[PDB]
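Order as written gives the chain letters A, B, C and D; numbering starts at 1 within each chain.
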Amino acid sequence: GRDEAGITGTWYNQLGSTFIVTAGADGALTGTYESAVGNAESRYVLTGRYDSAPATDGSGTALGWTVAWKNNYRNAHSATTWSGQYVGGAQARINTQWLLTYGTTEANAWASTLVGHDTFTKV
Amino acid sequence: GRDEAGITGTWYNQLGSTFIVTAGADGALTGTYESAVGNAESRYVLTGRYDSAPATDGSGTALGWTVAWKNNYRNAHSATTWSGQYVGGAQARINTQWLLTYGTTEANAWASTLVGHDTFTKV
Amino acid sequence: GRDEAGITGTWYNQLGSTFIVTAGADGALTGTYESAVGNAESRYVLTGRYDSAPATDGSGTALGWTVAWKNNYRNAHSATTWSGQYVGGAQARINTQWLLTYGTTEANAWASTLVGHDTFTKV
Amino acid sequence: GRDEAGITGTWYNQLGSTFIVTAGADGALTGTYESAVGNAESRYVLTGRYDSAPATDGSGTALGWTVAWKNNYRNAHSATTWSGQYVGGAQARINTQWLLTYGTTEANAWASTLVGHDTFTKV
């Protein structure tokens, strides 16, 4: 993929969380996520996808991934999805918006979903 | 997983799109998506995660998945993430909210991301 | 406004909440909201804006409004914004997506904002 | 209102847009918005609401507002809502997430709504 090398590695967001990803040639993303906040401890599995043949006109590279917040330590009964774009160069970034959905009863489902935004850097 | 059997299979949303997923015991989701709308044709790879040990108190099952909108036919230079919950029973549903991010230039990045909501049924 | 008459009146969403609005010629929206759910009781002030000269090509009419969830009875320390479009005709609707922000400490601000979607009808 | 004085005035976001607001004692927000981006020129009317009696525990102040993107110069057939919180102190900020809805045909309504985030400062 054009940015396979650029995306693969360890990223950090403004909260202090750590995103560890491998980009495959075909568009896969696999890795681990460790949140600095919330009902979370240690690493969680992630998977996702990215555009392995982006535009050559200076546009970013679209991608996304999911974490279900269950591991051997905790289960928050929740999942987050991040949707965003990789922007390459000396100050590389992944700019995302995310959706965190809790399992709820039907009566509470109106209040099931948090929205926010994370920016990941290599430093 | 508690809902491995409930989630695995073919789902359809209010647009007429078709979501084909396999749920693994461990929390994986793998499959294909075919959109009835947008800059899309035929099937695209998806991956995601779900809570394989949900609450037993009538709450839904949190899950999410991604599609990068590249296949052998088209490349929209975009990715969607769906975040939601599976609700089991005679009228099973997956209720989601989604985020569709386009690769953009930095000048247009304010306008990179669409938000919406899809409800999937087995019929 | 083109839809001043169509928008003005009493609307109900899928939760059972009641939206009472007056549309002004100039684009204003003023009224009251009464939620069927959440940390809310009785009516709350709303204000917002709508496109008073929409496209004539069958497109909906863009609009939005806010409620801060303080009245004489309760204060949730929160505000919701609905962003959407009015679609006229025998089955008129307002289709919206909303953002509910809580006041939080800086440590909890990542979790400050809920997202959802409401559809309002005249019946 | 507790933050009537703190909110009232001229704010600027990371795009260079200019938000000019007056906060009323009762919870009103009135003013003008001028966007540095998009299908916009000059000032547009805004209205909204804020929590005029916030928590005293260091939490921010919830608020929101709307702009319909029609004025004497242009009509984008769209509306944005910002939902967020005011945080007072030497570095005051308004942190928001927003929803920009376009009027669309029913066939294109899935793609009607952009989501993003703006941070406003006094400098």
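One rule holds for everything that comes next: a contact is a pair of C-beta atoms (placed from the backbone, for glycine too) under 8 Å apart; a residue touches a chain by one contact, two chains touch by 3 or more.
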Same-interface partner of A-C, chosen from the options B-D, A-D or B-C, over half of the pairs matching: B-D
Comparison of B-D and A-B (more C-beta pairs in contact): A-B
Copy pair subunit C, subunit D: interface residue numbering same or different (half cut): same
Computed distance of Cα centres, subunit D from subunit B, in Å: 31
Centre distance in Å when subunit A and subunit B are each reduced to the mean of their C-alpha atoms: 15
Per-residue multi-chain contacts in subunit A, two or more chains: 97, 99, 112-113, 115-116
Category of the chain touch graph - line, ring, star, complete, other: complete
Inter-chain touch pairs (all): A-B, A-C, A-D, B-C, B-D, C-D
Interfacial residue positions of subunit B with respect to subunit D in the complex: 15, 37-38, 99, 110-116
Parts of subunit B lying in touch with subunit C, wherever the complex brings them together: 97, 115-117
Subunit B residues touching subunit A - in the complex, by the definition given at the top: 27-29, 45-55, 57-70, 75, 77-85, 87, 95-106, 109, 112-113
